Structures are given as C-alpha cells and as structure tokens.
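Input: a single structure, listed below in structure tokens.
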Amino acid sequence: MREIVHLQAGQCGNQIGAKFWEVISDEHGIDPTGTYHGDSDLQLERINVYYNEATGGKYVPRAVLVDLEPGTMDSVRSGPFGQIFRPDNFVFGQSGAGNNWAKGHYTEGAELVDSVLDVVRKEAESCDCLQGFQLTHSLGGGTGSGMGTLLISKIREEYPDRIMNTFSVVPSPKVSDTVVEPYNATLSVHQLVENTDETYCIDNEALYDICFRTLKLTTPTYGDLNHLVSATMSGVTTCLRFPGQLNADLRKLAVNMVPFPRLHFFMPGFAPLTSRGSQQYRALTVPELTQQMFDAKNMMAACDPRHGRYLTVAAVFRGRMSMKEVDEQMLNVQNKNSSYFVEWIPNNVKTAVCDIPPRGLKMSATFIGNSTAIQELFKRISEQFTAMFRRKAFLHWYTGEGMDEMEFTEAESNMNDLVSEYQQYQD
Amino acid sequence: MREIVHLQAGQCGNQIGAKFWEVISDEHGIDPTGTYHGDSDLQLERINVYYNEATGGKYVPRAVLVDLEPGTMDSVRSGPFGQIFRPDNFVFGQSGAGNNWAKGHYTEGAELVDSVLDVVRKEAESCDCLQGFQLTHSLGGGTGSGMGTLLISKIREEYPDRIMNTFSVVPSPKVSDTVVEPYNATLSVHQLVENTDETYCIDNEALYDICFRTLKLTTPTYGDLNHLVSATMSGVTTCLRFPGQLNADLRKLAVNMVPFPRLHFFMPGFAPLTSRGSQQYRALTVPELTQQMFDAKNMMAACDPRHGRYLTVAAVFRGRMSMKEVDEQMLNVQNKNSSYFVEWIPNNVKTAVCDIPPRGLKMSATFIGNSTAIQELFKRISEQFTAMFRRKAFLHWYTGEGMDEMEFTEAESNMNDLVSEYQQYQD
Amino acid sequence: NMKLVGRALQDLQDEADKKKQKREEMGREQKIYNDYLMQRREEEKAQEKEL
Amino acid sequence: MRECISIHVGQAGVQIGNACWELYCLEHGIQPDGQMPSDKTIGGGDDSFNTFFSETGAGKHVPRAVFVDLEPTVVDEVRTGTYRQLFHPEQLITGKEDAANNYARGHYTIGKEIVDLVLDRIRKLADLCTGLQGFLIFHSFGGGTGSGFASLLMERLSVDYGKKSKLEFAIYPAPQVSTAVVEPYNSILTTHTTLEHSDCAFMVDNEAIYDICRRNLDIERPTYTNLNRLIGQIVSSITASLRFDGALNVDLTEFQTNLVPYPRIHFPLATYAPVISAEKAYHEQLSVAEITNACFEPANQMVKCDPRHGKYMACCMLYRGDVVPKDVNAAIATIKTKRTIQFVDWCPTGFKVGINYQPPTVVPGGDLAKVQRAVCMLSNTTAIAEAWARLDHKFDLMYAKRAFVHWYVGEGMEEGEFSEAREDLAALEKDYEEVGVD
Amino acid sequence: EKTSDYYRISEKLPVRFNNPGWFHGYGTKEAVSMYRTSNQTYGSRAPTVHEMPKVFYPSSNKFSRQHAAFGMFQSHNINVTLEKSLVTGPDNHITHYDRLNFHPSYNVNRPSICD
Ligand SMILES: Nc1nc2c(ncn2[C@@H]2O[C@H](COP(=O)(O)OP(=O)(O)OP(=O)(O)O)[C@@H](O)[C@H]2O)c(=O)[nH]1
Ligand SMILES: Nc1nc2c(ncn2[C@@H]2O[C@H](COP(=O)(O)OP(=O)(O)OP(=O)(O)O)[C@@H](O)[C@H]2O)c(=O)[nH]1
Ligand SMILES: Nc1nc2c(ncn2[C@@H]2O[C@H](COP(=O)(O)OP(=O)(O)OP(=O)(O)O)[C@@H](O)[C@H]2O)c(=O)[nH]1
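Protein chains in written order, with the entry's author numbering: chain GF, 1 to 427; chain FF, 1 to 427; chain G, 310 to 360; chain GE, 1 to 438; chain M, 53 to 167.
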C-alpha cells in the first residue's frame, strides 16, 4: 500500500509538526500515552497510511525531527505527545544555528546530511511504497530552509518517482524580524522551484487578521495559529485516509492542478470559521458555507487574488453532502464571476467530497488554489533583494563561509524568469 | 420567491427601524428571545418575505443597521429586541459625522461604502429574489442623508430591476433644530429624486397635533410616535405578507400610482384613530371609517391638500369587509367632491382589501396619497435656500470639505424644475 | 441538529467564567502587593530615623 | 549546552560584576553557602544554574567567571564579604601593583607574568564547559586597570580562540566629565587595538543613568548600588533568553549576525524601557504601546546622542514578560508609520524581537518597579560619531602640546602608536558618514 | 511564611520559592555602626514572601543529553531490503519485472499457455 513520510524541519516546523501530529492522534483517538482506544473502525482500518504498529497497540508516527537547538526539541519532547515520538526519529547537531543559510547549507549540513539520509532510507525501507513525502519548514527560516534545500536536493535523485510535498511559511511582508530573511528567501526559492512539485504558501499576517475577523479573541497563542493551519493540512490528508467517493491521490489532484511544470505555488482555503454569537446563529447550509468558502476575507495564504485572476481551483468537501449541491454551487460561482477566470481554461474547478465528517463539526471543506496573486509576493522581495544587494550589506559573513556575488546573479535571474512567466501567461 | 431586505440608516431610522421591527416581531408572535411560538399558520407560512430561518425556529431580521455613533447602536442592542439584531449586521464607523452632509457623503462614506455593499450583496446572495429594498432615514437627517444618498446611487447600477423604497421624515417647517438643514435637504433631495422611485413624506408637527387631536395623552415618547409611523409602514406591508383577494405588489401599486417619472413623493393615511371614550362610543362601520380616512385632520404627512387637488389615491382596507361597501363608499366620495379631483384622470382611486384583521382591532385600513400639497413644502425650503445662499452662510465647512457653490446651483435648479412640473401639471 | 446546537450552545456558555475570574485576582494581587508596599515604605522611613 | 564565561577586568568592573550574581542568585534562590534547601536540584552540576553556575557533585554553585584586578584592596573585602565562599579564591585573580592609569603599564610591565596564570584558568574553564557560546567581558574605557590589562588578554584569547563570540561591555567615558585627563589617552589606545578583534562592544554612560534616577525613578541621591542594579538587570534581561524560554528564543550569535551591519563598526546601544518608580507603576498601567513610545523617546537613552542628529540601522527589542505578538506587531507597525523615526533606506526591516514570558522580578531591598512587561532595546544609529568627534578635538589640542608624554615615553613607549590611532579614529569617522550617506 | 497563602501560584514552582523561610545565609540586619561601608549594602536583606517569582519555566535538558550521549546514529548497517510486489494480494506477487508470478486459476477447456 501507499503511504507518506513526514519531515519536521526548522524551528517553526518544530511547532508546525507538533501541533500537526497531535491533531491526527486526537482525531483518531490515540491517548497521549499511545495505547489507542479503539472507537472508529475506519480510522483503525486506514491508520497504516501514516503510522506503523508497535507492540501492545501503540501507533508509531513515521516522521523525523531535525533541528540544532536542544531546548526547542526538549520542549517538543516534553510536549503532550513527545512520548509517542521516537528518540530514533530525533536527529540534530551540536552546533548553534546563528540562522546563517550557508552554514546550515554547506558547513553544518555536511556532517548531518549523511545521518538524515540514513534515518529516512531505513524508515523508507521500514515502509513498503510511498505516495511521497511532506516537509514542514519555512522559506525564510534560517535553519529550516538551510536543511531542507539539501534534503530536497538529495531526496530527489534516488527517489525521483514520489511526491515531494513541502509546507513552508512566508514571513510577514511588513517586517521579517531578521534582516537576513530576504537573502534566505531569495537563496532558497532558486532550488525550491527546481526540486519541489507542490508548495503551500502561508503568511502569518493574515493569521493575525483572521484572528481579528472571526476568532475575535484578541490574544491567541501561536499554537492556536498552528491549530488553524494544521486543520488545513488535516483536511488535505483526510482524502487519502478516509473512504467516500472522492479521488484522493495528490497526483490525481496534481495532474488536475498543475498545467505547466514550474507551477508549484498554491494557496489554502478553509471552511466554516465562526464567531461568538454566530455559533448558535449560523444556519449551516451548503450555500452559506460555499460563499464563506470563496471569501476574499476567508483567504489566509498571501493576499487577495482580487488583483489578478484564477488559474486553477480545487476544493475538498468533508462531511455528509451530495453530488448535486456542489454542482449548482459550482454553476452559481461559474456565472457569478465568469470573467475573473482566465479564458485559457474553462472549468478549472475540481471538486472532491469526503463523506465522513470531522470530530466536532460535520460540514467542513478545504480549498487549494493556484491564482495570479503570487506576483505581489516576489516583486516585494525583488525590491528588497535589489536594494539590499545594491550595496551588498551583511554579505561579509557569507563570503567567509565561501560565498561570492555570483550565485546571487542567476538566483535573481532565475527569479526574474518566473516573474515574467507569471505575467506572461495571465497578462 | 420574492422577498424584501430593509436598511436602517440615520440616527432617526435607528429609533424607527427597531420599533418597526419590534412591531413585526410582536405581530407575528415571536418572543424577544427569538423562539417563535407557532400560533398563526398564515404568519408562520409568510415570514420568509422578510425573515430567513436560523436554527431553533428563530426568524432573522434581514436588515442592515448602519451609523457612525456606537451609543445609538449600543442602545438598540440593549433594547428589548437587540438580541434579535445582529453584530453581523452592525456596521458603524470610527468617525463622528458632525451632522455634515458632505462629510458623510464624500469623506466618511468612502471607507464605509465598501463594507456595507459587501454585507447587502451577501444578504442579497443569502436570499433568492427580491421585490427590492426599503430604507428608513431622514431627508434632513445628516448621517442618514449623507449615507443614504450614496447607497441609493450605488444600488441603482447594482440592481436597477427592484424597488428603491425610501422612508424619510421631513423636518418641522416651523423650526428645523439644525440650522444648516435646508442645505442638507436640498443636497440630498437632488440625488433622492434622481435615484428613487417611491418616497413617503412624514412630518413630526402633524404627528404632534394628532396627539393633541386623538391620542389626547399630553406627553408621549418619540418611541410612541415611532409606533404610529411603524403601524402605517407595517400596514402597507401586511398586504404582501397576508392572503386575501387584493393585489399586493408595489409594482402592482406603483404603476397604478405613477403616471409620470417625477412623481415619487407620496403622503400616507391611516384608519380609525380613537380617543378616550370613543373606543366604547364608536360602532365600527365602514362608512364612519370612510369618513375618518378622508378627514382634513386625520392626515399626518405634511399639511392640508385642501389648498390644492388630488392626483392619485390608494387605500388598503384591513379586516373583514366586502368589496361592495368600499365600492359604494368610492361612489359616495366621488360625488361628495367631484370638482376637487383633477379632470386629467377620472377614477384615480385604487382600492385593496386585506381580509386579515390586525391583532388588537378588527376593521382597519391604510391610505397612501398623491396630491398637490408638496408645493408649499419645497416652496418653503426654496426661500430658505435663497435667503441663506443670498450671502452663503455656514459655507466654509462645505468649501473646506471640497464642495463648491456650483453644486448648489443645479441643485435648486432641479427643484425649481420640479416646482414648475408640479405646478404646471395641476395649474 | 439539536445535539450540534447543544454542543454549539455549551461552548459559548463557557469562556465567560475564564474572563471574569482572571479579573478579580488581578485586583486582588494588585491590592495585596499594594499593602506590602506601604508596609515597605514605612519600613525605610522607620529605618531612616534611627540612622 | 548553553553556557558562557564572564570576565571582569578592572576594579571598576568588579562591583558591577558583584551585583550580577547577587541578582542572579536571587531568581535562582541561591543561598550564600552555595546549596539549596532539602529539596532536590543537585546533580552533576546541571539545572538552571548549569548555564551560569557549576553546582557540581560538590553541590556548590560555582560561578563561571574570573575576576581579575591589579589592586588587592577591593578584591579582599569581597573575599571577606557575603558570597566569598561561593567565589573561587584564585579565580578572584588579584594584583600587587597598579597600572597608574597607564594603558601601556598594564599592557607591558606586569600583564605578561599574570596572563599565563589566567591562561591556565581559561583552559581549565574551557575544558569543563560543553557549549561555551562565548564570553562576557566587563571593563571600562577609562580604566585605571580595566583598559591596559584587558587589551593584552583579549589579544591573547583571540589568537588561540578565534571561533567563538566575545561580548565586550564597558562604561563609556563621560562626554563632559573627566575624572582623569589621561583617560582620553588610554581610551583610543584601547579602541584601535580592539577594533580589529572585538566582536560586539556595548557602551553606557553614568551621567544619563543619574538623569533617569531623578527624572522618573525620582531618586536625587542614588548610589552605585542603584547604578549596578540598573545595569545588572540589563545583562539579566539579555541572559533571560538563556535562563528562561519564550515564544521565540534568540542567542548571542543571532544578535551578532543581525545587529552589526558591516565589519569594524560593532557598537550598538542598549536601553530598558520600564524605568519607573514603584509608586508610579503603583496607580498607573504598563502595556506595549507606551513602553514602545517611551523606548524610542530620545531622552531615555544613556548615551549623549540625539537620534534626530543620526539615523537608525538596527533595533533589537527583547520583550520579557507576559506579552502577545498581536499588539506588539501592531505597535511596532505604528512605529514604522512614524515619521520622526528615521531609519536608513538601506534596511527596510531593522527590528529584532525577542519574547520571554517570564516577568522580571524585583530585587530584595531594591528601588526598581514591579514589572510584568519589560523590553531591552539594542539599537545602533549614526548619531554616535559625535562622541568620537567629541574625542578627536580633545586630542588634537593635547597631542600637539604633547602633555604627559614624558610619563609614557619614560616607561618605554613612543608616539607612533599614539600617531596610528588618530587616523584609525579618523578612518572610524569617515566610515560612519560613508555608511551614513545613502 | 507560605507563598501560596498570600498569592496564587503556578502550582509547579519549587518548594524553595514556595518556602522563603529557608534563606538563612543572608544579612542579619546588624545595627549600623559609624563605620558602615557602602559595599556591604550589597545583598544585606533577606527576601520576603512577596519577592518570590510567580511562575517558573526552566530550560530542561534531561532528555537531550541522555539522547545526545555518545554518538549520533549513522548507517554502517547492511543495506538489506526486500522488493515488494505491485499487488496487495498475499498470494499474487508481481513487480516491474517477473510479472508472471501469480496463482493460475483453473481453466477447463484450454490447458496452460495454450497459445
Ligand atoms: N516555531 C515558531 N516559528 C516562528 C514563530 N514565529 C515566527 N516563526 C518563524 O519561523 C521560521 C522558521 O523556523 P526555522 O527554519 O527552524 O528557523 P531557523 O533556521 O532556526 O532560524 P531563525 O529563522 O532565525 O529562527 C523562523 O525564522 C521564524 O522567523 C513562532 O511563533 N514559532
Ligand atoms: N431618533 C430620533 N430622531 C429625531 C427625533 N426628532 C427629530 N429627529 C431627526 O431625525 C433626523 C435623522 O437622523 P439621522 O439621519 O441619523 O441624523 P444624523 O445624520 O446623525 O445628523 P443630524 O440630522 O444632524 O442629527 C435627525 O436629523 C433628527 O433631527 C427623535 O425624537 N428621535
Ligand atoms: N565600572 C565602574 N566604574 C566606576 C565605579 N565607580 C566609579 N567609576 C568610574 O569608572 C572609572 C574607573 O576606572 P579606573 O579608575 O581606571 O579603574 P581600574 O583600572 O580598575 O583601577 P583603579 O584606577 O584603581 O580604579 C572612574 O573614572 C569612574 O569615573 C565602579 O564602581 N565601577
């Protein structure tokens, strides 16, 4: 059978995967200790898609934790489910990050690339055959981008037949905290577009905005932010592990999703988000959720695609639905904004219906989109890159590591190519 | 099916809408909590004309509350039926209007028109197919006039196929409290006559006298006055929601009421108003109600059309009547004053009978009138406008906002055109 | 549907006790630490005199 | 793991060190004996102290610091003080002769025979350490013993250990107060020697520290106790990231990478926002917004520089206590919209946020406030060149009339080393306007 | 003398900061003499219950070293592996190669590999 291997990378992915994983076990009903309390047959049936069997009915997460900083890992190990994570799966190094990309890309990675290759291939042999792998990391995160670029480069050659799913977060456009982030972003995206097949683009600013919009709690935890994005990544995975007439394979999606090879940047979309008085008030129906599904405010990934147009759209529906309501809902939105799609392709909508509801609500839905709204993203970093590279500031560290001006040239040159291509196809 | 969505605008409409909504809530027997107590099937069947269904048998008011002052929204929220009103529908601004027409029409409106359109189009998408919309506001009410003139203009190009119902109160002819009122009204009415199709004329001085005439209770509250106008506004809406052999559509009515485009200003009329001993001193019969409905004192809109003549008249009768009496009542009034009608159109009377009596009284009615009594209304403001524009008093505010005296020119010019139009047709 | 509403209702009913309770000890911890400081203040003033 | 070594050169640098571990022992609850109560925190030298202390199987929290001094006076009563039993005897490196404020005397005459013993200490400290991220250097520019003796050792620890961080801290000389007129001499004697080796130097000035005392702390007669308790909290705040955790945690290396833009210039400015009396925080309220406006108010900085006469490059805010990103990211967003704040166009971002949920605690018998939200402001601007500009005109007069030279040349020195530093300084200013000019 | 009495607590604070009466090595508030050196004021007062921190959150590293002990895992192992089939049937076993590896059902007219 076909499964998925997870990689928990960067210090953000350390929060990401941790909240990502605990949602899964609680969804399936495994206790924090690990002794699964058998309550749903189907989740008992299709649990080997992600977990293996240990002695006494504990289910081992088939994931790898990689970092450099023990304190974060100690916090992860002391988390609600660190006991269900394996010490065998905890890989790290003795050095401190400094979150220099080159250090984790050329110097620090050099002595850990072998070991991380060791643990994955054993676990790759521990399991039988994959769909592929998914990776939690960040594009602007110092160590996560540094470690990931090597692995995705290294994972590609020996297994060029599987799915290289990646999950990276875009730092806040207004401020990236660290000044070196645009260097890290520009350096990373070069090999990312080269090596990857699918990327999820996530920004924290919209997470704060949606907190103001429907969460309305003023002060949530970043884990509460993780609670939302994990729910999105939960939904995309509900297809594979759960039955119901919806074609689950990501390749079944990806071939329907990507028209041309260089398109890897995709945006999430999620369903009912509810505020204080509306929980007892929302007349939960197919029409209202679909409207809320396709809301510019319900967008959380990068920015409003109102500026551009829609290339490919695909929404997965979780709960007790029927094939008809999604049909006329598609027709309703088909005629609602017919012009806002691209004339190149009609009927670029792909709908999947997961019959089994989640635990806590029945009608939920996840949306994956590839629109023309990424231009605003990388043009911004273009002025950042050009301006910061206008006078090569902060560059002395990288030269000592063994870097020169040259790699920056083709990287932006490669970066400029995708910029023109995005406008070229749509505009 | 055909429905109607309401707009609550201006700080007077803030009092007006709640009372009118509380009238609707009680007339159909819904508790202040919202759990409708099924007692009348006809009101059970025909609540979807104004209210949608939320879970728990609670009927959502499909209206929008818009203002700038939170305390007014707080007061109506803390009202007996504010819990039936929606924080979803509570749109308000971070600005003080100053009760300046231009501020709410150009500066404050700019950042507020965006959100209110989203709500109403969401409300438009929430329901299926409208008859149109109705708006409560005041022509002399600055926050109401400033927004209302903006919104009516926008909804014209959005849905030019529906009813643009407007409910505005004329300021007191003797004193307008606010001194820039004729400036505000002249500005608003220019856009009002352009964008509207139906308007009701209301003046509080006439309402004040009615209390001296029939209420006779010396000291009422303004909310009591809201009960009076809401009963009229409710009465004209009973025909839509209730069964019985009478044609209810405003399009049924308006084409019967509108001979030519410039007739949008109409005066209401109501049925038995009863005093201290007359409740048990009246033998309720159509002829005596036919008398009191056509009484020079019973009118409440602007003033006595005794000075002028009648163009079109329409009366809706609510209770257990027959077409025969209103027919012979129609003949009696036809010959009672045949000369006072206009020779242009004979048989300009249009009658409807609602077989469903109100809750509290059995035989009632409502009247809507189109006569020659508005000339003195806009003559009055004309000398006011000319006198104040004689030396441009209180103008530096409007000049600073970005306005010019030129806009005032075609403004009064348009009314002067309307002055002759009403004058020429009858005189 | 009713169970969903039942689940929906109870969640809203909660989180109000959390907000209200935090406020009191905030006042309590304020007042308790307030009284300590006057006791502290009179202490140094007491200390000054024998000096 | 996450540990470092503190070095305290100069009898000026020793009281300021003395306050630190007194404070440090407080949040850790360390008894002067070096032992905890009957409860269990002992081991192989491993708990919250392990990053600072060494409470080995001997069960006594051994500070990971060496105190070096040249006058035996001050180092002796502290050896008879309160925590002297905690202190290692010959880590309290004493001296029998002074430098006579002479930078060269403390660099040539006696520093040779002493550094080797100290070099024995550094290797004996280095071997026991495991992570050893770097060092904590407390000194003074105008040091009677801080200036000269440190310059040799920092050179010597650089040549053998050039792969780890060295954090320099010194009281910057008072711009208009001069307790010594040889103080200018040794100052740029230190800088020109340290410019090509020092990693990150942080400077403060005592005059504005006093100015704060009677501005908002309302103390017209403070003492070193207040002065050191102030700066002791400063290093405590920057070390809380090591001591506690937070929403995000940042190490000294990231500060190194993100604060200094370019080589040579590595001289940022610190600041701690909730400087207020107990009675003022009493009936008032603290939140991120006002402490953010206050922390960027020019008069709240301890260095006599006008930010309106300079331009900002880097800013590191380290919010210690109960805070949330929401208001913080919004409050800083308002700051970016501010017009008086003039960052250079080169850096779109210059803000280094560090969150630590632990509220800073008060010191027993102290004078600070009771704070839940505190932030430390590490920033660098171009308003600093005036200080060296204030320096150079002081020298070009005195050097021309070559006062006091007989003292230095009498003990074996010459003017070339005095000649080299002025253009090195002149190079230092000229670098500032070139990076100042966009 | 008990901290939880006067203030709330995180309920995981060490008994050190829950019991401040055990700090016996501090200054004994000696009567100040005419010879009162300023330097001795440093740490001259024992803290009270109110000086105790409200919350405590150490950087625990027990699991790290007990995992970071020795060396870190590396594959010098024999790369043993079994190639699996493209079918889930515990009876059929066919790969990219050897596609004729399955149970042959029982035909009645045409014998094995008739063509
Ligand atoms: N875990 C976590 N990460 C965050 C949070 N907020 C922002 N991030 C970002 O997530 C990014 C990715 O983490 P990593 O790739 O592990 O970061 P790194 O390589 O160690 O280097 P840095 O980016 O400097 O931390 C970081 O750069 C942070 O900027 C948060 O609240 N939790
Ligand atoms: N609610 C309410 N409005 C009244 C009452 N009496 C007169 N009005 C008038 O109704 C008008 C309409 O209210 P709005 O349109 O909301 O007025 P506004 O735009 O906020 O500004 P102003 O008209 O200057 O008050 C106001 O101008 C009042 O002058 C009353 O008793 N209650
Ligand atoms: N760091 C520190 N500086 C102090 C203190 N008290 C005064 N100062 C200032 O710091 C300077 C001390 O430098 P030096 O006098 O050269 O100190 P030193 O090199 O250790 O040797 P001495 O001259 O004997 O003190 C003085 O000029 C004072 O202005 C203190 O307690 N600590």
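Backbone N, C-alpha and C define an ideal beta-carbon position, used for all residues, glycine too.
- Item | Proximal residues to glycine 13 of chain GE (C-beta, below 7 angstroms), its chain only, five neighbours per side dropped | Contacts found: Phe138, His139, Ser140, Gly146.
- Query: Among GE:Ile42, GE:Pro173, GE:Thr51, which one has its Cα closest to the Cα of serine 236 of chain GE?
  - Reply: The residue from GE:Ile42, GE:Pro173, GE:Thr51 with its alpha-carbon nearest to that of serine 236 of chain GE is GE:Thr51.
- Does the region 94–103 of chain GE touch the region 329–343 of chain G, meaning 3 or more C-beta pairs lie closer than 8 angstroms? No, because fewer than three Cβ pairs between the region 329–343 of chain G and the region 94–103 of chain GE fall closer than 8 angstroms, the two stretches do not touch.
- Query: Once you ignore the five residues that flank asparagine 186 of chain GE on each side, which residues in its own chain have a CB closer than 8 angstroms to its CB?
  - Reply: Only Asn101, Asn102, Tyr103, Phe141, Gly142, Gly143, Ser147, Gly148 meet the Cβ criterion.
- Less than 8 angstroms between the CB atoms is what I'm expecting for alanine 365 of chain GF and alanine 271 of chain GF, so what's the real figure, rounded? With 8 angstroms as the limit, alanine 365 of chain GF and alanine 271 of chain GF qualify as a contact, their Cβ atoms being about 4 angstroms apart.
- Within the region 305–376 of chain FF, ranges of the alpha helix (DSSP H) (whole runs, at least 4 residues): As far as the region 305–376 of chain FF is concerned, its whole alpha helix (DSSP H) runs of at least 4 residues are 323–336.
- Assigned exposure category for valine 204 of chain GE - 16 Cβ within 10 Å defines buried: Buried, since its Cβ has 16 or more Cβ neighbours within 10 Å.
- At a Cβ threshold of 8 angstroms, is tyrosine 59 of chain M touching chain G? Output row for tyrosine 59 of chain M: interface = yes.
- Pair every Cβ in the region 217–232 of chain GE with every Cβ in the region 327–342 of chain GE, then say whether three or more of these pairs are closer than 8 angstroms. No: fewer than three Cβ pairs fall under 8 angstroms.
- Query: Going by Cα to Cα distance, which pick from FF:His137, FF:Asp203, FF:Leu263 is closest to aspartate 417 of chain FF?
  - Reply: Closest by alpha carbon: FF:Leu263.
- Message: For a test of the three-state rule: what should DSSP assign to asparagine 256 of chain GF, helix, strand or coil?
- Response: The answer is helix: DSSP assigns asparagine 256 of chain GF an H, G or I state.
- CB of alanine 314 of chain GF within 8 angstroms of CB of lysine 336 of chain GF, strictly: Taking 8 angstroms as the cut-off, the Cβ atoms of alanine 314 of chain GF and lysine 336 of chain GF do not count as close.
- Could you check which residue in GE:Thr179, GE:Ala281, GE:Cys315, GE:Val344 has the C-alpha nearest to that of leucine 368 of chain GE? Nearest C-alpha to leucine 368 of chain GE: GE:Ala281.
- Message: At the level of alpha carbons, what is the spacing between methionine 363 of chain GF and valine 353 of chain GF?
- Response: Looking at the two C-alpha atoms, the distance is approximately 10 angstroms.
- Whole-angstrom distance between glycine 29 of chain GF and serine 230 of chain FF, CA atom to CA atom: Taking the Cα positions, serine 230 of chain FF is about 57 angstroms away from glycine 29 of chain GF.
- Task: Check each candidate in GE:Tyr172, GE:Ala58, GE:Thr239, GE:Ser165 and name the one with the smallest Cα separation from residue 439 of chain GE.
- Result: Residue 439 of chain GE lies beyond the residue range present for chain GE, which begins at 1 and ends at 438; the question has no answer from this structure.
- Query: Can you list, in chain order, the residues of the region 267–278 of chain GE whose Cβ is nearer than 7 angstroms to any Cβ on chain G?
  - Reply: With the criterion set as a beta carbon lying under 7 angstroms from some beta carbon of chain G, the members of the region 267–278 of chain GE are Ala278, in sequence order.
- Message: Please list the terminal residues of the continuous beta strand (DSSP E) segment that includes residue 476 of chain GE.
- Response: The displayed coordinates of chain GE run from 1 to 438. Any statement about residue 476 of chain GE would go beyond what the structure contains.
- Message: Counting only beta-carbon separations shorter than 8 angstroms, does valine 107 of chain M have a partner in chain G?
- Response: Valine 107 of chain M does not count as touching chain G.
- Item | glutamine 43 of chain GF, buried or exposed, once every other Cβ within 10 Å from all chains shown has been counted against 16 | If you draw a 10 Å sphere on the C-beta of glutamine 43 of chain GF, you find 16 or more other C-beta atoms in it, and that means buried.
- Task: For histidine 190 of chain FF, count neighbouring C-beta atoms within 10 Å of its own C-beta (all shown protein chains included) and say buried if the count is 16 or more, exposed if not.
- Result: Around the beta carbon of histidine 190 of chain FF, a 10 Å sphere encloses 16 or more other beta carbons of the protein chains shown; the residue is thus reported as buried.
- Helix, strand or coil at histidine 8 of chain GE according to DSSP, with G and I counted as helix: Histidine 8 of chain GE: strand per DSSP, three-state reduction.
- Message: Quick check: is any heavy atom of ligand 3 less than 7 angstroms from the C-beta of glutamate 410 of chain GF?
- Response: Flag unset: Cβ of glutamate 410 of chain GF not near ligand 3.
- Please name the residue in GE:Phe135, GE:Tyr83, GE:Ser241, GE:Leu92 whose C-alpha comes closest to that of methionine 317 of chain GE. Minimum Cα distance to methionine 317 of chain GE is reached at GE:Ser241.
- Query: Residue range of the beta strand (DSSP E) that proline 61 of chain GF falls in?
  - Reply: Counting along the chain, the beta strand (DSSP E) containing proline 61 of chain GF begins and ends at 59–61.
- For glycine 308 of chain FF, the nearest candidate out of FF:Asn414, FF:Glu181, FF:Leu377 (CA to CA): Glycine 308 of chain FF has its Cα closest to that of FF:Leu377, out of FF:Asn414, FF:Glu181, FF:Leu377.
- Query: Could you give the uninterrupted runs of the alpha helix (DSSP H) lying entirely in the region 377–409 of chain GF, keeping only those of 4 residues or more?
  - Reply: List check, alpha helix (DSSP H) in window: 396–401.
- Query: So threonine 149 of chain FF is in the alpha helix (DSSP H); what residue range does that whole segment cover?
  - Reply: Counting along the chain, the alpha helix (DSSP H) containing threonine 149 of chain FF begins and ends at 142–158.
- Flag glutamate 71 of chain GE as yes when its Cβ comes closer than 7 angstroms to any non-hydrogen atom of ligand 5, and as no otherwise. Although ligand 5 was asked about, the structure shown includes only ligand 1, ligand 2 and ligand 3 as ligands.
- Query: Would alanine 317 of chain G count as contacting chain GF if we go by Cβ distances under 8 angstroms?
  - Reply: Yes, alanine 317 of chain G counts as interfacial toward chain GF.
- Query: So, do the region 47–55 of chain GF and the region 101–116 of chain GF have three or more beta carbon pairs nearer to each other than 8 angstroms?
  - Reply: Counting Cβ pairs under 8 angstroms, fewer than three are found: no touch.
- Query: Which residue's Cα is closest to the Cα of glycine 269 of chain GF: GF:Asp88, GF:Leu207, GF:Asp118, GF:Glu108?
  - Reply: Of the candidates GF:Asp88, GF:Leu207, GF:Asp118, GF:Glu108, the one whose C-alpha sits nearest the C-alpha of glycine 269 of chain GF is GF:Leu207.
- With distances taken between CB atoms, is the gap from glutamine 11 of chain GE to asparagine 91 of chain M smaller than 8 angstroms? Going by C-beta atoms, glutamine 11 of chain GE is not nearer than 8 angstroms to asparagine 91 of chain M.
- Task: Step through the CB atoms of chain G and report whether any lies within less than 8 angstroms of the CB of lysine 370 of chain GE.
- Result: Yes, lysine 370 of chain GE counts as interfacial toward chain G.
- Query: What residues in its chain sit with their C-beta under 6 angstroms from that of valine 23 of chain FF, if we drop five residues either side in the sequence?
  - Reply: Excluding the 5 residues flanking it on each side, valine 23 of chain FF has same chain C-beta neighbours closer than 6 angstroms at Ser230, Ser234, in chain order.
- Name the residue from FF:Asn165, FF:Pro173, FF:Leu225 whose alpha carbon lies nearest to the alpha carbon of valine 193 of chain FF. Looking at the Cα atoms, FF:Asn165 is the closest of the given residues.
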